[PDB]
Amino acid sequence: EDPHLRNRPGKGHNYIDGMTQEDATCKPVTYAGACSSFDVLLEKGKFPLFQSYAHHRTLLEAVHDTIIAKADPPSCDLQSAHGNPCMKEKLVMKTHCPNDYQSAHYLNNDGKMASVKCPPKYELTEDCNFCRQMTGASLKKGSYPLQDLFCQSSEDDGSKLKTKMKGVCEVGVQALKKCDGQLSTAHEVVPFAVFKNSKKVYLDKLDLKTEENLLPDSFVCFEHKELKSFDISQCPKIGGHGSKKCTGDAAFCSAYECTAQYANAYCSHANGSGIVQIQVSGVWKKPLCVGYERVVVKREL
């Protein structure tokens, strides 16, 4: 659904905590307005995983929806003595940041959100490793997503889950083995997933499955004024209670009572939504987030 991709799940907040000048169009992201922290993900040719799960949450959305927590320092200062907490973790990542960006966020190895930031008139370099002075007219108001990922809510416990990769000694900042032969190093696009009580879990394989449903989270409701989001909680179910009156597709009318003259809004079933599960070492689990990132991998020969 092309324009309904801006009808976000949850609150739809796509702002970073320290940059609130875009709140009019990022808090929340909806049909109207532009958002420097969100529109990046919908450019065709970029972020293929999120674009195939676009009705799920972004990293910023998962943070403001209490699904993902912030790092103990929520943002690292590149132009300091060290920029330490993110520096060692950012250098193993091969990233590309567009111009005029003051902040860039990523999923930590701890399953939390870290941010890389710069002074008010610096741009992030093309590798997101240094702060370069601004050669635009003005900076963007938001933060650039470094990884291609989507997120969801989950109570499935993954405290027993850990990275298992064939013949891999070091992937990113994770050392899996003691390798004393001399090794093969390369930048590999490695999938990963975060679980409730786990760290980041890299995988040889991305095996995902979706169970679609007719729960309220799988619907996009909207009204014409010119599109405006509508919350399905105001719609009465079949034999139910409603503060407003709605209509919709055959999927919505199968569970909610439909009225195709009076309607305040229209609800469509967001195809592609639902609960996503991933296979980790031969076991299906409900992850908090799933994504890719190009990072340094050392494999034994």
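Residue numbers here begin at 1 and follow the sequence given.
Mind giving me a quick count class for deposited residues absent from the model between residue 178 and residue 179? Options are none, 1 to 3, 4 to 9, 10 or more. Missing residues, residue 178 to residue 179: none.
Mean C-alpha B-factor higher for 29-37, or for 237-245? Of 237-245 and 29-37, the stretch with the higher C-alpha B-factor average is 237-245.
Please work out which of 84-92 and 146-154 has the higher mean CA B-factor as recorded in the PDB entry. Going by the record's values, the stretch with the higher mean is 84-92.
Among the choices 129, 109, 115, 182, identify the one whose CA B-factor in the record is greatest. Answer for 129, 109, 115, 182: 182, with the highest C-alpha B-factor.
Can you pull the Cα B-factors for 259, 273, 51, 58 from the entry and say which is highest? Within the set 259, 273, 51, 58, 259 shows the top C-alpha B-factor.
Sort the modelled residues of this chain by their C-alpha B factor and say whether residue 105 lands in the lowest, middle or highest third. CA B-factor rank for residue 105: lowest third.
Based on the deposited C-alpha B factors for this chain, I'd like to know if residue 295 is in the lowest, middle or highest third. Middle third of the chain for residue 295's C-alpha B-factor.
Among modelled residues of the same chain, the CA temperature factor third for residue 192: Middle third of the chain for residue 192's C-alpha B-factor.
Grab the CA temperature factor for residue 211 from the record and place it in the lowest, middle or highest third of its chain. As the PDB entry reports it, the C-alpha B-factor of residue 211 lands in the lowest third of its chain.
Ranked against its chain, the third holding the CA B-factor of residue 202: As the PDB entry reports it, the C-alpha B-factor of residue 202 lands in the middle third of its chain.
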